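Contents: one structure, followed by commentary.
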Amino acid sequence: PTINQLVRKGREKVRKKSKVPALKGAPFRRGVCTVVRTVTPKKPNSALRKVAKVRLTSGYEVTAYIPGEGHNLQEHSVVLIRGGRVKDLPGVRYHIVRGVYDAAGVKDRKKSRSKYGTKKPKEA
Amino acid sequence: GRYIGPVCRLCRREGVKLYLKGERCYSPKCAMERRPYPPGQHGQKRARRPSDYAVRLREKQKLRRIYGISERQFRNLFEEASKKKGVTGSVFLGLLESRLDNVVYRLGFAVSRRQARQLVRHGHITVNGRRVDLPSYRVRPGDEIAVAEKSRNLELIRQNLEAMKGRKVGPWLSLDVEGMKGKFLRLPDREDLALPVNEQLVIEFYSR
Amino acid sequence: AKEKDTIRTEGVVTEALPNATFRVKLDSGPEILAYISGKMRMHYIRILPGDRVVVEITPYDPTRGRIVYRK
Amino acid sequence: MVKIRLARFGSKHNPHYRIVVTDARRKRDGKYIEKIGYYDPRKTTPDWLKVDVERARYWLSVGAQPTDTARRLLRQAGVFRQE
Amino acid sequence: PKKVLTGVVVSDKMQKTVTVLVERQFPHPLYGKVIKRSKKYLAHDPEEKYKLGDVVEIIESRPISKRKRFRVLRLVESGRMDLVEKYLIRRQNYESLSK
Amino acid sequence: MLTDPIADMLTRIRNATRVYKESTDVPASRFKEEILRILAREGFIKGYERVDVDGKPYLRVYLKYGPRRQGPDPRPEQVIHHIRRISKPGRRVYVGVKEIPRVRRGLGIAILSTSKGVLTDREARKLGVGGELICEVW
RNA sequence: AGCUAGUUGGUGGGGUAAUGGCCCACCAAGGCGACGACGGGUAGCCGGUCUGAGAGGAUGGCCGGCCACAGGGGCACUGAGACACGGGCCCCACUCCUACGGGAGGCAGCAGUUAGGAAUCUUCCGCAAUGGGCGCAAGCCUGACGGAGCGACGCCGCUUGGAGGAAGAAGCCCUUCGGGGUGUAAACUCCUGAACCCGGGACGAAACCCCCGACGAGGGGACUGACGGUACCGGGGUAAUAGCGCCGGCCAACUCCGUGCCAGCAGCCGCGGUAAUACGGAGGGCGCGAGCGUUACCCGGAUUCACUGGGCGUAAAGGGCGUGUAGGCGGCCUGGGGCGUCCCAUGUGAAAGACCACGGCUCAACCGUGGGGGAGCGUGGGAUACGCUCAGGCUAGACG
Ligand SMILES: [Mg+2]
Ligand SMILES: [Mg+2]
Ligand SMILES: [Mg+2]
Ligand SMILES: [Mg+2]
Ligand SMILES: [Mg+2]
Ligand SMILES: [Mg+2]
Ligand SMILES: [Mg+2]
Ligand SMILES: [Mg+2]
Ligand SMILES: [Mg+2]
Ligand SMILES: [Mg+2]
Ligand SMILES: [Mg+2]
Ligand SMILES: [Mg+2]
Ligand SMILES: [Mg+2]
Ligand SMILES: [Mg+2]
Ligand SMILES: [Mg+2]
Ligand SMILES: [Mg+2]
Ligand SMILES: [Mg+2]
Ligand SMILES: [Mg+2]
Ligand SMILES: [Mg+2]
Ligand SMILES: [Mg+2]
Ligand SMILES: [Mg+2]
Ligand SMILES: [Mg+2]
Ligand SMILES: [Mg+2]
Ligand SMILES: [Mg+2]
Ligand SMILES: [Mg+2]
Ligand SMILES: [Mg+2]
Ligand SMILES: [Mg+2]
Ligand SMILES: [Mg+2]
Ligand SMILES: [Mg+2]
Ligand SMILES: [Mg+2]
Ligand SMILES: [Mg+2]
Ligand SMILES: [Mg+2]
Ligand SMILES: [Mg+2]
Ligand SMILES: [Mg+2]
Ligand SMILES: [Mg+2]
Ligand SMILES: [Mg+2]
Ligand SMILES: [Mg+2]
Ligand SMILES: [Mg+2]
Ligand SMILES: [Mg+2]
Ligand SMILES: [Mg+2]
Ligand SMILES: [Mg+2]
């Protein structure tokens with residue numbers, strides 16, 4: 001437009017939408033689990049994905065993805081949220097970190113380790 | 001700190017000679033001389049087209065490995081160079097050279113850069129009358145550097161000196177071959193050095 | 001690893017849902033939204049409510065299976 | 001009260017003091033009126049201490065008061081010197 | 001300097017008090033464009049001499065009231081009812097703007 | 001409204017350059033005349049004069065071009081590649097001695113109305129004065 | 001979208017160090033507002049910080065300024081100064097004692113407990129330095145401060161060896177069975193000598209005091225150490241922690257086996273339903289490296305809120321048009337004013353940083369010294385082309 005218009009009104013600033021209500025911009029959040037269940041992905045992909053319905057110390061009821069290949073998660077398991085969309089699962093926004101709390105290191109991982117929070121094999 | 005471990009492998013990866021063993025990298029043995037190909041399995045695989053980032057990256061790696069440095073340090077040096085007035089590529093190079101280990105190497109107090117660094121570390125080199133033990137020492141021009149007095153007596157250094165007896169010492173430096181001494185005179189230039197570098201590429205890589 | 005605890009149980013097809021997600025009244029007991037295998041999708045194999053299909057069921061939560069065998 | 005005092009800047013073990021003119025009720029690091037000189041305890045430099053004399057004299061005249069160390073420093077660098 | 005300001009008498013509806021309109025022109029901090037920016041002021045005048053429509057010199061002063069911090073130095077131009085009227089019309093419109 | 005005059009003049013010039021008629025007609029101002037003079041000095045136009053169209057004073061513009069060009073797109077080589085009025089009326093910009101913008105690194109020019117008449121970039125620098133950034137030419 | 005009744009202005013008084021609707025008595029009936037009032041939400045604010053080519057944008061941790069609040073609220077007193085952080089009173093909320101009548105409290109001081117929470121530190125030594133405050137002084141106080149403790153929390157520095165050493169051991173992996181890879185890597189030779197132990201050992205600290213000099217200037221003397229037997233130097237002296245990410249494209253780096261749209265990976269495209277350079281493993285490689293990756297959050301890339309620097313026939317997007325208010329914007333000539341605007345001088349722009357130079361801690365980070373710049377704002381002077389303004393005219397706009 002014309003600078004006069006700008007002067008009159010101003011530019012409507014990019015109010016940055018939050019991708020994550022982990023509240024506060026809380027870089028993690030620990031919480032307890034409603035139900036450990038399993039979900040169908042979408043139109044492109046098909047695989048029984050291991051999810052957890054999670055209640056948080058923020059106060060929200062959000063679903064969360066569990067990593068690895070063999071989990072050890074119950075229900076009143078104390079869990080730690082990572083945050084970060086998986087693409088496939090809808091309504092799903094937060095990962096869980098395996099390695100601390102009631103999510104321990106996935107055994108039989110020796111390559112991709114830290115991301116899954118599993119300790120080192122003492123080499124011979 | 002150090003890279004440490006397998007060296008001539010880096011040279012192989014680069015494809016242009018390093019002289020990073022010194023001798024050995026001088027004898028028919030750097031693997032560059034006898035073996036001239038990428039390391040690991042696909043060492044003999046028909047060359048992938050290097051993406052334009054990749055070439056730059058490779059060049060940077062070459063350069064960084066040449067003087068034997070941590071990458072953070074290198075980055076800092078680059079930043080400093082950029083901050084300074086002049087030709088960044090040339091000035092940066094000069095500054096890099098102006099590190100103590102490099103100086104030691106180029107004056108031939110040790111025959112390899114790693115070796116030079118080691119020597120610097122243990123309490124061997126003496127800056128204007130006092131020992132310094134840090135590879136990242138920035139030696140400003142017109143500066144006098146010696147071998148230590150009670151460390152004056154070691155055989156290796158003598159041998160190295162002898163090797164540097166007869167042949168030329170880089171234009172910006174000069175050495176005393178008897179009193180175990182050496183001057184760093186001028187802050188080295190682009191044309192003053194025969195490096196395998198193309199510093200422009202490195203600079204470009206850094207920009208991002 | 002590939003942790004195999006998968007229960008290979010048969011069942012009569014109950015309710016035809018979208019996406020080829022067939023409620024299958026199993027020989028085990030309760031019906032779940034068990035969907036169709038990728039193999040079946042590839043070969044173009046139509047299931048109707050009236051077949052005894054094999055559903056490969058998970059022990060974590062018996063709510064979702066997988067129709068593997070053609071009828 | 002208006003005080004002429006050293007202020008610590010610098011580092012741990014490696015101290016550095018500014019001969020400064022400031023207020024009584026101020027932070028030892030605080031917004032002083034006027035930087036008048038400098039002194040390093042470590043004697044590390046040949047030009048370790050230096051004051052500007054004229055300004056110091058002026059401050060004294062108004063009625064600024066030196067604390068002890070500051071006073072000593074002034075004496076050393078010649079301000080209380082009379083001729 | 002006891003700050004010196006140019007502006008017009010928009011209102012006398014008061015004992016001794018004059019209302020002044022300083023149209024200070026300023027640049028915008030961003031878009032370059034210069035804006036006629038108006039601020040109202042209230043000046044003490046110990047005479048009632050200054051009438052509805054006069055441009056006057058307003059001086060930074062010690063306060064006499066809850067926002068009334070200027071004496072009138074002097075008259076500049078008497079009787080420019082144009083700039084008066086604009087303001088009045090704007091004020092009138094303000095009543096029309098609501099609801 | 002023929003609203004800004006200078007801008008209008010510039011536009012006319014640009015149009016002329018685009019469609020290659022060695023002369024154009026624009027209404028008459030002192031400001032305009034001064035600008036034209038500056039342009040002439042610099043070399044962007046062969047000259048000008050001021051004649052009459054309908055009992056109204058008018059400034060003719062004797063344009064300039066570079067040599068008739070080779071190959072495809074014959075179009076005589078253009079000397080005024082581009083023109084732009086920066087201090088657009090209402091959006092009025094003001095620059096100082098440390099704010100004269102080095103236009104094309106030196107191969108076009110800016111035009112700066114100053115206290116010291118109507119004048120150019122180098123001149124401004126010499127005289128150490130600032131003013132209004134009416135226009136940019138390259 | 002209207003708000004306002006001590007609310008706006010007045011006279012007097014009171015109160016105050018001092019103006020004042022701060023408050024009161026009485027009179028007037030205004031005032032502000034779409035140039036964004038009141039209301040809501042949000043929020044300490046800045047020097048700054050990070051980013052960014054810059055303009056900007058976001059941020060305001062520490063460090064310095066200034067405000068504000070010391071359970072919540074409200075108020076005074078005293079004093080030069082508070083409406084008073086470790087001073088008072090009173091109500092409410094809470095924890096402590098109670099012989100039930102009543103009091104005690106306030107760590108948002110250091111240290112820690114407790115809670116929340118992903119997450120944050122030693123119930124540390126010292127008055128030695130500097131500052132504080134009292135005191136003639138000695139001195140006394142000081143969780144200001146100085147330091148140590150813990151944490152790869154961030155940045156920087158250094159170690160985890162180097163010189164040899166096969167046209168190439170084993171180990172392990174592919175194979176087109178020749179061979180290649182790992183890899184000069186190893187082993188082994190030589191040397192060095194971080195760690196480590198012994199020998200010393202600070203600089204930081206010379207004053208305040210004392211005497212000669214008048215209790216001045218000046219001169220001599222003494223005492224003074226938490227850090228810390230630390231740093232550092234002298235001698236010896238051991239080859240002495242490597243990890244994590246990724247490896248389809250972006251994007252640096254590929255093969256084999258396992259697995260079969262399953263298990264899984266994912267930042268996006270998307271990979272996987274039997275030869276997966278995308279999944280699990282194994283080598284190889286690549287990236288950095290005592291760290292690297294994940295997550296949060298900000299800027300960048302987004303010239304994707306566009307002032308620099310975007311658009312609106314069909315992509316999001318011209319309102320249905322008219323009249324018209326504020327507003328914005330404006331023809332040609334001549335003169336004045338000089339508000340904008342420019343210029344020159346200065347005053348300011350505290351320090352720290354950011355920038356240059358130099359110096360110091362064995363380099364660097366860190367830190368010092370000196371300079372320079374600095375948007376903006378104030379004052380003095382000028383300039384008048386350009387906007388503005390006032391005056392006069394002009395007919396090309398407009399109207400008749
Ligand atoms: Mg490091
Ligand atoms: Mg299975
Ligand atoms: Mg009343
Ligand atoms: Mg009064
Ligand atoms: Mg009031
Ligand atoms: Mg609120
Ligand atoms: Mg802010
Ligand atoms: Mg602060
Ligand atoms: Mg207070
Ligand atoms: Mg209280
Ligand atoms: Mg209170
Ligand atoms: Mg008192
Ligand atoms: Mg009092
Ligand atoms: Mg109180
Ligand atoms: Mg505390
Ligand atoms: Mg606790
Ligand atoms: Mg907790
Ligand atoms: Mg601490
Ligand atoms: Mg004590
Ligand atoms: Mg003291
Ligand atoms: Mg006593
Ligand atoms: Mg401390
Ligand atoms: Mg550390
Ligand atoms: Mg070796
Ligand atoms: Mg000892
Ligand atoms: Mg080893
Ligand atoms: Mg992975
Ligand atoms: Mg990938
Ligand atoms: Mg793989
Ligand atoms: Mg990190
Ligand atoms: Mg634009
Ligand atoms: Mg667009
Ligand atoms: Mg459309
Ligand atoms: Mg319309
Ligand atoms: Mg109008
Ligand atoms: Mg106008
Ligand atoms: Mg400063
Ligand atoms: Mg400085
Ligand atoms: Mg130095
Ligand atoms: Mg007129
Ligand atoms: Mg007509």
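Residue numbers start at 1 in each chain; chains themselves are named A, B, ... in the order of the structure tokens; ligands are numbered from 1 in the order shown.
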Grab me every residue within 12 Å of ligand 23, counting only C-alpha atoms (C1' of nucleotides) and all ligand atoms, and send it over as a PyMOL selection string.
chain G and resi 150-158+290
Need the shell around range 15-28 of chain C: protein/DNA/RNA residues with any atom at most 10 Å away, counting only C-alpha atoms (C1' of nucleotides). Skip same-chain ones fewer than 4 positions apart. Format as a count of residues only?
30
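The space between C1' of residue 311 in chain G and atom 1 (Mg, counted along the ligand's line) of ligand 31 spans 8.8 Å.
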Do you know which residues are within 12 Å of ligand 8 using only C-alpha atoms (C1' of nucleotides) and all ligand atoms? Can you write them as an MDAnalysis selection string?
(chainID D and resid 30) or (chainID G and resid 44:48 60:67)
Sel. of alpha helix (DSSP H) residues, range 10-132 of chain F, as number ranges by chain
F: 10-19, 30-42, 121-127
Write out as a PyMOL selection string each polymer residue whose atoms come within 12 Å of residue 203 in chain B, counting only C-alpha atoms (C1' of nucleotides); drop sequence neighbours fewer than 5 positions from it.
chain B and resi 53+56-57+59-60+63+74-75+77-79+81-82+87-93+197-198+208
Please find the residues contacting ligand 19 at a distance of at most 8 Å between atoms, with only C-alpha atoms (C1' of nucleotides) and all ligand atoms counted, and report them as an MDAnalysis selection string.
chainID G and resid 125:127
